[PDB]
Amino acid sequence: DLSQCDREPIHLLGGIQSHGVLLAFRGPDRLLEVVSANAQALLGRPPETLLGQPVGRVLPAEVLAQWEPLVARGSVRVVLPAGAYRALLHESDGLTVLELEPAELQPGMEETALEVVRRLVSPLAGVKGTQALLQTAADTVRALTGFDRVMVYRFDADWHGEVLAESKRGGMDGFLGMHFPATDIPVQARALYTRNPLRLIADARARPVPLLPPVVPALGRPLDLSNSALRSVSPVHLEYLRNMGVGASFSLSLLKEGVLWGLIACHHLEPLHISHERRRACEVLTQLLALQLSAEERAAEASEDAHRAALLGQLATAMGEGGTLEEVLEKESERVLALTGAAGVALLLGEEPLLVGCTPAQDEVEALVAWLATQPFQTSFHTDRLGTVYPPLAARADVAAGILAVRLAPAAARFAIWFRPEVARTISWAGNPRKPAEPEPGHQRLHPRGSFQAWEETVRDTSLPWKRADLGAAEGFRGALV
C-alpha cells in the first residue's frame, strides 16, 4: 500500500543543515543561482545581494584557488579565516553545486582509520561466525566515529528490519535483537540510500536552513539534493529520532552484491558532526564488511552443497548394490530425510505412497498429492507455510508446515515430497507493529510512534525456510530416480 510515508519527496525539501553552506552556479560565467540562507556567515555579504553574481565575485580567493582539483577530485580542503573547511562539488539540475562544511581537525584520523581497516581484514575475521564479523564492524565504526551507539541493521525480505549486532557505551539503552516495521525506512528513502550510501543528521533538534530562491527558476520546483551532503531530512524522521531521544544520527548503506542488504546505524545522545573525510573512512569499513560477508556466505554455501552432495553419493552407492528400491529408501531413510533437512518424506513411485519418517496420513498425502499435480511449477514446488496455501492441512503444522515437492515425471503425478513441522519463533518488535505511526484526525499528517518498547509476537504454522542447498539436493535426488 503506497503509504503517505512513501510519497514524501525527501530530495525536494528545500533545506540544508545549519553546520554548512550550499551554493549553486549555472553556465559559463558560473553565476550564483541558489544559495542557502545562512551563507552570510561564510561569504561576508548577505545572501540575497549575491544572487546573479559571477563566482569570482562571491567566493573568497581561497576557494577559487582550489577550483581545478575541486572540479577534478570533487572535494578539497580549504582554510578560510573562519577555520578549516571541506569543499564538495557535484552536479544537479544542470547547476554546479558546491557545499562547504567544517573540515576534519584530527591530524591522525587517517592513521587511526588504517588501524581499524586492519582489524576488519585481519588474517581471517568471522572465525566464530558471521556474528563475530558484524560485532567487529560495529565496534570499529564506533571506535572511529565516537557515536554512543552503533547497530548493524539487516533488511528482511519484506523490507522490515532487525538489529543483528550492536556496539554502544556503558549505561546505554540498546535494540539488539529487535525488529522494526518496513515503514520506518519508506520505499523512496531506500531507493535514495541505494544510490547515496551515507547520511549525517548532525543535530536532530536544529531547524533546517532554507534555499534562496525556494525553487530553481527554470524548473519551478526545489533543487534536487539527492547527492547533497548537507541535505536536511524529512521532518517526520526528525520526530522519530527525537522520540528515540537521540540528538544526532549517522547511517551508512550496506550494499552487498548490488542490493541493499542493510544499514549501519549510529546514534548519539548529543549533537555531533562527523567530518566528510571521517565519513569516507567509515564507508571503507562498510564496503569491507560487505566483502567479508559475500566471501563467508559463498563458503558457507559451498560447504553446504558438499555435505548434500556426499549424501546423494552415499545414496547412489546404496542403490547399485541390491535391486530393492523401497527397501534401501527404508534402511537409508535418514539420509533421504537429511538431504533437505526434513522430518518426513512421501515417495510416489506409483502404487501406494511410500511414507518414510514422520509424515501426514496416507489419505492426507494422496489428497495434497492430487492437489499438487495441478499447479504451475515445472520440476519443484516449495513453501514454508503450507496451511496458508492448502487449508486441508492447516491443522497439521506439527508435521507439514512446510513441504518441498519435486516432480519425477513429465506428465503423470510421480512425486517426492519432503515435509517439515512448524518452528515457533518469538520476535520482539520495537514498539507495537500494529500501530507503526500515529496519524492525525483526517489522515493527512503522520507522526512516528511514540514508543519503542519490546512488543512480543510468536510466529506459528511456518517451518524453517527452504534454503538453496535443499532445493539443489532435491533436484539431484530427482536425477537419481529416472
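Rigid core (definition): largest C-alpha set, two forms, superposition within 1.5 Å. Throughout, we count residues from 1 along the sequence that is shown.
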Between 451 to 459 and 66 to 74, greater root mean square CA displacement in 8 other deposited structures of this protein relative to the shown form, after rigid core superposition, belongs to 66 to 74
Rigid core superposition result in 8 other deposited structures of this protein, more deviant of 157 to 165, 322 to 330 by Cα: 322 to 330
Segment of higher mean CA temperature factor, 232 to 240 or 318 to 326: 318 to 326
Averaged over C-alpha atoms, is the B-factor higher for 180 to 188 or for 375 to 383 in this PDB entry? 375 to 383
Residue with highest C-alpha B-factor in the PDB entry, from 302, 409, 163, 212: 409
Identify, among 217, 247, 83, 208, the residue whose C-alpha carries the highest B-factor in the deposited PDB entry. 83
Hey, what third does residue 102 fall into on Cα B-factor, ranked over its chain? lowest
Which third of the chain holds residue 96 when residues are ordered by C-alpha B factor: lowest, middle or highest? lowest
Of the three thirds of Cα B-factor ranks in this chain, residue 75 occupies the middle
Among the chain's modelled residues, which third holds the C-alpha B-factor of residue 52? lowest
Mind checking which third residue 148 falls in for C-alpha B-factor across the chain? lowest
